[PDB]
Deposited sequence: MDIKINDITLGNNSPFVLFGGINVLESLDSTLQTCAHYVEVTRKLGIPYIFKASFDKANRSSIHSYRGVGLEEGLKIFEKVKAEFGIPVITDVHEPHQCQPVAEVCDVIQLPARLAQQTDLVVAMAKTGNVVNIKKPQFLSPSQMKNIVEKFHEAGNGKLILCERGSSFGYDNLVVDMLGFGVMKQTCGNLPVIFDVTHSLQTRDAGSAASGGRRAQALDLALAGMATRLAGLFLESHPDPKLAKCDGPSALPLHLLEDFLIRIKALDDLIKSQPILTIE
C-alpha cells in the first residue's frame, strides 16, 4: 500500500524517501540552515525528502536539556520550512491534546516508540486523519506491530508507516533483525516500512552505512536519520535502492 504525502509517493516499491533533519527545533534561522543543506543534497540526487524535528522532545537524557521551542513557535517554524522549501515535514507528538493543532501543519505525525501502546495517544493521532509514523518499540516483536495497526484502523486511520529502530539484545545493546521487515510487511498489509538507522545504532559513520545498506537491501520505503558526508552516504544508498527497486519482487 502506497501513501501520498503531498507530491511524494511513499511505498515499499517506490524510490526511497529520506526522513531527516535535527533533533529539536531551536530557532527559525538555524532550522532553515540545516534544512537547506538536506534539501540541496537530496535535490541534487533526486531523492524525495521529508524534514524532521521535534518541537517538544519528552525523552532527552537530562531533565533540563532544552526540549525545543514548544508547540506554538515550533509550528510557526514548520510553516516557514514548508513555504520556503515546498517539502513535507514530520514531528513527534506525546500529548493527545497536541495532535490536532500539530496535524494542521505537519504532514506526518510520529508516535514515539515508548508510547506506541498508549491508547489515548493512538486514538488522538488517528483522529487527525494525517499520515502517522509508528515507531516500533525495541521490546516489541515484529509480529506484534499488527496490533498497533489494528488500533489505528479501529480509530479510523489507515495512513500508517512502520518504522524499525532495532530490538533489545541482552543488556544496553540493539540488534536490527533484517527478517523483521518482511514480517511487518506480510502481517500488516504491506504498509510502508522505513528504517531509523540512527536510533538503531550505539567508525560510527561506517556502521551507519553498512546497517543502512543492509536494511535497504530488503526493499523499504524509506530511511530515517536522527542526523561531502551526507551526499556520499546518500549516493550509496540511492545506488542500492535503485537497483533493488528496479527488479520485480521475486515470483
Got a list of the deposited-sequence ranges with no coordinates?
203-212, 238-254, 279-280
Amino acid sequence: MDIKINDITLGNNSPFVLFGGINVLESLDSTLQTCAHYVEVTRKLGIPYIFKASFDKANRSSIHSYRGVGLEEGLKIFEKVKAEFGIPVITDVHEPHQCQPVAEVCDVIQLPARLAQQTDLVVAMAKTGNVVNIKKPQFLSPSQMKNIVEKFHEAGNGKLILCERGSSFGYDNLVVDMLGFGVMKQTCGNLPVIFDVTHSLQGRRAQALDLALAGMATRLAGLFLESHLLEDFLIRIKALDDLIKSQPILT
From here on, numbers count along this sequence of modelled residues.
Going by the entry, of stretches 25-33 and 46-54 the one with greater average Cα B-factor is 25-33
Higher mean Cα B-factor in the deposited model: 107-115 or 78-86?
78-86
CA B-factor ranking of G182, expressed as a third of its chain
middle
Using only modelled residues of the chain, where does the Cα B factor of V102 rank: lowest third, middle third or highest third?
lowest
Report the third (lowest, middle or highest) to which the CA temperature factor of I63 belongs, ranking only the modelled residues of the same chain.
middle
How does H94 rank on Cα B-factor within its chain, lowest, middle or highest third?
middle
Taking the entry's C-alpha B-factors for this chain, is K136 in the lowest, middle or highest third?
lowest
